[PDB]
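In: sequence-free structure coming up:
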Ligand SMILES: Cc1ncc(C[n+]2c([C@](O)(CO)[C@@H](O)[C@H](O)[C@H](O)COP(=O)(O)O)sc(CCOP(=O)(O)OP(=O)(O)O)c2C)c(N)n1
Ligand SMILES: Cc1ncc(C[n+]2c([C@](O)(CO)[C@@H](O)[C@H](O)[C@H](O)COP(=O)(O)O)sc(CCOP(=O)(O)OP(=O)(O)O)c2C)c(N)n1
Ligand SMILES: [Ca+2]
Ligand SMILES: [Ca+2]
C-alpha cells in the first residue's frame, strides 16, 4: 500500500542520512516510523507556514532520533530537502545531530538532552489551554490544537519528566498526547538492567489516560485509533504505549548496537530489498509517497485558509479581543505598555527587590495579557502572584480556571524551566516567568541552558540571591550561580539594585524576543539610589556616581551598589575620591557600543568590583575583585556581611589597597584586550 | 506515659528553638515528633561514636524540619546541647537552619535542598548492601543496618527523588525504610493546588512496599509496627505513609502559615499547658525523658560492644578480609596502591582521555576494593566499567549481585550524584564514581554542590568534554560547565591532557577525603606529552615547556595543551619564544605554595590562556584569554576547531597579538593582587 511505502521511505531516508554522515542514531527512527507516519497524518500543519497559531505541535523528546523528524519534514515539503538530509550532522547544515528550533524549520523546540521535550510539550499544551480559554468564543474555536510528543525510555528515567507528568496530570491537559517508544533498549542494554518500574501504573497514578499498542511495528490502524481515543478523553493527558522493536528490520534489530551507530552497508542493502527498494539507491523518495503526503498538506492548507476567515469574522464579532489577538500574533507588545512600570526617587523608602518585583508584576500583568507565570512552591516568598488574579487550573477543581494567569508549579524547578520553554515555543507573544530561589535555579540548569540555545524569552524570578537571605544558611545561599549563568551564552542576568533598576530589568525581560532572563532579587531591603533611572539602567551598566578626578571606580551590582556608595563616603574621609558604576546586567552592557562602555569603564583609573558571590567573570570589568568565593553561613544576614567584611569599611580598605597597588603603574580599561 | 512526655518534649524543644531564633520551621517538627520518637527507639546508634559502621542511619530529607533532628540529638546525648538549641540559626552555631554534616554531630548528610536526602538514603542503603555482601560471613553479620529517611511532599515533587526511588525499587533495597510526612500542606498551601497524584500507587509502580499509618499524630504503636513490617520485606524498600497534621497542637495547625515561621507566643503557651509543661519555661527536658532515652543508648552501646567483639573474632576467622576491613575503617587506602596507576611516555600512542580513564579504572579497581561506581546509561561511551567485573544488582534478577562493583544508574544523573553522596556518607573509605557526559553533569548540579558543601570525596567521570565530541552538536557540547563547577567552592575540576595527567587526576580523586572531583575527559584522541608526569601533574599546574627567554607563556588544559605545544612551534618561525604551562586542576594548583605557583606563572612575561570553553576564571592565571564563549556546532570535530580558530595558527596569532599588546608595558604575574 502507499502507507507501507511511506513507512519504508521514512525508515530508509533516516538510515541513509545516518549512513552518509557515518554518525547518528538509526534505531529509534526505524522503530518509530509507523507511529510518525500515523501521527503526522492526523496532525494539522502547514509546511509553508510553520507559525500558524492553530497548528498541532509535534515534539521529538528522544531528540537523538532526529533523522526521523527530518525525514518527515522533508517528505511533507517543509523548507528542508533531501540535499539537507545528505548533510546530516555536517558543519553548518540544517540537519544537526539533535534538533534545534533556531536552525530546523518545523522543530518546535531544541531536544537532545533527555527529558526536556516531553516537558516542553506540557508547556505547549498549557499555553494552548490558556490561549483557548482567553480567546475562544461560541462558534469561534480560535484555538483547538493538540500537542503530540514522542519520548523514549531515557526521557522516562529523567526526573524532569516525572515532575512535568505529575503536573500535567494535575492540570488535566487533555490536548496532550504522548507516545512512549517501548522498545526495552537503552545505551546500557536491556531496560531490565536499570528500568523495571511499571511505567503505565506510574502514569495512571499521575491521572493520565493510557492506550496500549502492542504491535506498533506494523499496526498503524491501532496507532490512529489510539489518537482518536485520546481525543475523546478531554480531561486527562494520554500516554500511548508503542511496543516497538528498536531498529525494526535491521539484522541488528532489538539490540543496543542499533541505538547509536550507523548500520552496516550489507544491512542497509537487505532492508531495501525486503521493502521493495533498490539496494543500490540512497535517499529514494517514491512519487506516490510525495503525492499522498501532498494531499494531506493541501487539506491542511484549506483548514488554515478557513481558520484565517474564522479569525477575520472573530475580529468583527469581538473587536477588542480580535485586535489584542492580532497584536500578539504580530509579535508586538501593547503600545506604551512600559508606562505602567513603577518609577522611584531617592526620597522613597527602602524595599527588597523581591517586593519591587511583586509591585512591577502587579502593574504590568493587567496591562499585558500575554504575561503568565508562576512559582515552584514559593509564591509567598518570591512574591510572584499579582493580587486578584486567578490561578491556571482546570475549572473542575474549583481552584482556578484555564483563563487564569498564575501557575502553581509545585516543588518542580526543572520542569518549570522546561515548561516555560514550551509556553514560549507556543508563540502568541507569551512572556512567561517562573519563581524560585536563585540557588535552586541550579536544579533547572538542563532547561535554562536550552532557553539560551533555543533563544526563548523566558524569565526566572530568582529571589533570595545571596547571603543576604540570612538564617536559611549555606544550602540556600548562591555563590557560583551568577557566574554559571553569565558564562552561558545568551542569558541576561539582571541583579537590580533598587526600584528603578528593577523596572529596567522587567522592561528588558518582557521586551525580549530571543534572550532568556534571570532576575536575581533580594530578600533584604535596599535603599533607592541617587542617580538611578530606568533609562540609565536599561544600558545594562551605567555611571551612578561620576567623579572626574577619581582615584578609583567601584563597579557593583544589586545589594552591593548601596554598599559601594557608602564606601565612597568612607574613602572621602581617607582622602580617596571614588566613582561608582552599577552593572545590573552584564550581557546588556556588553551589547552597548564600545564608546558607551568606555565612558562607564574608562582607561587611566583602577577599577574594583564588589558583588557578594563568585569573582568569576568580573575581570571583564575590573582590575581587582572583592567577592565571596566560599560557602555562606546560617545567621542573621547583617552578621554574615560583617563576618565576610562586606561593609563600607571593608570595601574602603580594599579600594585603598587597590589605589596603592597601582601607584606608579599605567592602567588601561579592563575592556581593552589584545585580540 | 513517658513516651507521651518524650513526644511533647521533642515538640516543645523544636518550637522553643524556632522561637529563640525568631526564624525557622515549627510545623513539620510538630507533626513528625511521634514518628521521630518511634524511629529513634528502633534505631541502633551510639551518640558517643557517630561513626560506628553498623549503626542504623537516619536522614531528614525535609531538612527545614531540622529543629526536630537537633532535638532528638540533644535528647540522646550526642555532642549537641540545649545551649546549642538556644543558638538555633545563629552565626557560628552547631544548629544551622538546615542540617550540615560537617557541623552537626549525628547529621549524616547535608539537606535543605529538597529531594536530596531521600536519594542520599538510597546511596547509604546501596553501600550497606554492597558492604554486607563483601564482608558478611556465616555467624558474622558485620553489616546488617537499616537506613531510615523522613521526607515530605516537597521531596516527592522533586524529580531527583523519582529517579532514586525508581532505581531503589529496581535494586530491591530492603533495608531502606522511608517515611512520607503526609500532611497535605506545602508553602503554596494545600497540596490540592499542585500535587494531586496518587503517591502510594506511584511507589507501588517502582516496586516499593507500602505501610499506611492513618493517625500518625498519636499512633506510635502503629509506627513501630510499620517498621517491624518493613523489616520483614527484605527485597523491597518500604514507604511508610504517616498521615499527620502539620503543626499538630498549634492554634494554626493544618495551615501553610505553620510551615515556615515562628509560632505566636500565646500559641506556645497553650501548647505547653495542654501537654502538661510550664508555659513560663523554655527548653524543658524532663529527667524521666532523659532516663528513658539513656536506657536505649546504654542498650545500643552494649550492642556496639558486642559488635566490636564480633569484629575481633571475624579478624581471626577471616584474616585477609578482616585486615582489609580494618584498613578501610581506619580511612587508609592500600599501601602503595598508586603503583597500579598507568604511566606513559611520549613514545606511546595517542589515546582519548576517556579511554585512558577506562585503563586506569581497569588497573585500580582490582587493587582498591572500596572503589565502586557506575554510569548514567553511558557505560560504552564513558568507558566506566572494568572488564570482568560484576554489576551491583540483586542476585534474584540474575543480572549481578550485591557484591558487584558496577552500578547501572540509568538516565538519572541527578539521582546518581545524590546517591554518590550517600555512598560516601556510608563511610568505610568508599571511593565512588559516576559517569556521564560533562554537559549533563549540569542535570545534577543540585547534588554536585552538596558534594562540595558536605566535603564528600565523590568523583564524576565526565567525558565528551567539549566541541571535540563533534557531531552530537551544541546540545551536548559544554561551554559554561567548567566555569560553573570551578566557581563552586571545594570542587577539584581535573581536565587531564594525556596519560600521565589522567593518572594524576585519579590519584587525587581516590586519595581525596574532603573534596569532590570532576574529571573532564575527551572523546577524541590526544598525544602523550613531552614533559608530563604523574609527579608534576599532581601539583595541579606545572611548567610543561620551560623557556628561560620567553616572550609569552601559554597556559592550557586538556586537549588544548597539545594545541599550545603545536602553537609554540608556529611561534618559533615568527621569532617568538613561548613556554607552556599545563593546568590540569585549578583547585589543586591554587593550594600549592605561593613560591611554587609563581615558578609556574612568573612576573615579567605575558600569559595567554587557551581552553575551548568559557573564559571565566582564567584571568586568575593569565593576562589574555582565548576561549569559546558561544555555543558549539554539529559537525566533525576537527572542522569545528578550525571554524573557531582553535588551531596552531589561530593560537599563534593571538599569542603574537598578546606580545605586541604588552610591548612597552610592565607585566606582573596574574597571581599578584592588591588584597
Ligand atoms: C540528559 C541526557 N543524559 C544522557 C544522554 C546520553 N544519551 C544519548 C545520546 O547522547 C544521544 O542523545 C547518545 O546516544 C550519544 O549520542 C552517544 O552516547 C555518543 O556515543 P560516542 O560515539 O560519542 O561514544 S541517547 C541516550 C539513551 C537512549 O535510550 P532511549 O531509550 O531514550 O533511546 P533508544 O530507544 O535506545 O534509542 C543517552 C543516555 C542525553 N542525551 N541526555
Ligand atoms: C530544591 C528546593 N526548592 C525549593 C525550596 C524552598 N522550600 C523550603 C524552604 O527553602 C526551607 O527549606 C523554605 O521554607 C524557606 O525557608 C522559606 O520560603 C523562606 O521564607 P522567607 O521568609 O525567606 O520568605 S521548604 C519548601 C516546601 C515545604 O513543603 P513540604 O511539604 O516538603 O514541607 P512541610 O510539610 O510544608 O513543612 C520549599 C519549596 C527548597 N528548600 N529546596
Ligand atoms: Ca529505549
Ligand atoms: Ca507537606
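Out: Done, it's in. Residues are numbered from 1 along each chain as shown, chains lettered A, B, ... in the order given. Ligands and ions are numbered 1, 2, ... in the order given.
In: burial check on the residue in the stretch 501-650 of chain A that ligand 3 sits nearest to, number of neighbours?
Out: Residue of the stretch 501-650 of chain A nearest ligand 3, by C-beta to the ion: residue A:516 (30.6 Å). (Each C-beta comes from the backbone N, C-alpha and C, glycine too.) Residues lying near residue A:516 (other C-beta atoms under 10 Å in any protein chain shown) number 30.
In: that one contacts residue A:489, doesn't it?
Out: No - applying C-beta atoms under 8 Å as the test, residue A:516 and residue A:489 come out as separate, 10.9 Å apart.
In: so what's in contact with those two at the same time?
Out: Common contacts of residue A:516 and residue A:489 (C-beta atoms under 8 Å, 6 or more residues apart in numbering or on different chains): residue A:452.
In: break chain A down into its structural domains.
Out: Structural domains assigned to chain A are A:1-326, A:327-538, A:539-675, following curated CATH domains.
In: most tightly surrounded among the ones you listed?
Out: With neighbours taken as mean count of other C-beta atoms under 10 Å in any protein chain shown, those reach their highest mean count in domain A:327-538, at a mean of 23.
In: gap between the two ends of it?
Out: 25 Å (C-alpha to C-alpha, to the nearest Å).
In: does any part of it sit near ligand 4?
Out: No - Domain A:327-538 lies out of reach of ligand 4 by C-beta under 5 Å from the ion, never closer than 9.7 Å.
In: please name every helix or strand in contact with the longest helix along chain A.
Out: For chain A, the longest helix by residue count, based on DSSP state H, is helix A:287-317. Helices and strands touching helix A:287-317, as assessed by 3 or more C-beta pairs under 8 Å, 6 or more residues apart in numbering or on different chains; DSSP states H and E, comprise helix A:2-21, helix A:66-75, helix A:319-329.
In: can you redo those as JSON lines with distance to residue A:448?
Out: Formatted as JSON lines, those follow (distance: least, C-beta to C-beta, whole Å):
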{"stretch": "helix A:2-21", "distance to residue A:448": "30"}
{"stretch": "helix A:66-75", "distance to residue A:448": "22"}
{"stretch": "helix A:319-329", "distance to residue A:448": "25"}
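In: for residue B:47, find the nearest of these.
Out: Among the helices and strands packed on helix A:287-317, helix A:66-75 comes nearest to residue B:47, with 57.4 Å by C-beta to C-beta.
In: looking at it, residue A:435 is touching residue A:380, isn't it?
Out: No - using C-beta under 8 Å as the test, residue A:435 is too far from residue A:380 to be in contact (10.4 Å).
In: chain neighbours aside, what residue packs nearest to the residue in the stretch 151-300 of chain A positioned nearest to chain B?
Out: In the stretch 151-300 of chain A, the residue that lies nearest chain B is residue A:159 (2.5 Å; C-beta to the nearest C-beta). Leaving out its chain neighbours, the residue that sits closest to residue A:159 by C-beta to C-beta, 6 or more residues apart in numbering or on different chains is residue B:159, at 2.5 Å.
In: check residue A:281 too.
Out: Per C-beta to C-beta, 6+ apart, closest to residue A:281 is residue A:272, 7.5 Å.
In: what's the spacing between the one you found and residue A:95?
Out: With distances taken as C-beta to C-beta, to the nearest Å, residue A:272 is found 21 Å from residue A:95.
In: same question for residue A:335.
Out: From residue A:335 to residue A:95 the distance is 41 Å (C-beta to C-beta).
In: show me how far stretch A:635-647 is from its chain's centre.
Out: 35 Å (C-alpha atoms, centre = their mean, to the nearest Å).
In: with stretch A:91-105 instead?
Out: With C-alpha atoms, centre = their mean, you get 17 Å for stretch A:91-105.
In: measure it end to end?
Out: 17 Å.
In: anything in that stretch near chain B?
Out: Yes - counting by C-beta under 8 Å from any C-beta of the partner chain, chain B has neighbours in stretch A:91-105: A:91, A:92, A:93, A:96, A:97, A:98, A:100.
In: can you tell me which of these are up against ligand 1?
Out: When contact is defined as C-beta under 6 Å from any ligand atom, the residues of stretch A:91-105 next to chain B do not meet ligand 1 at all.
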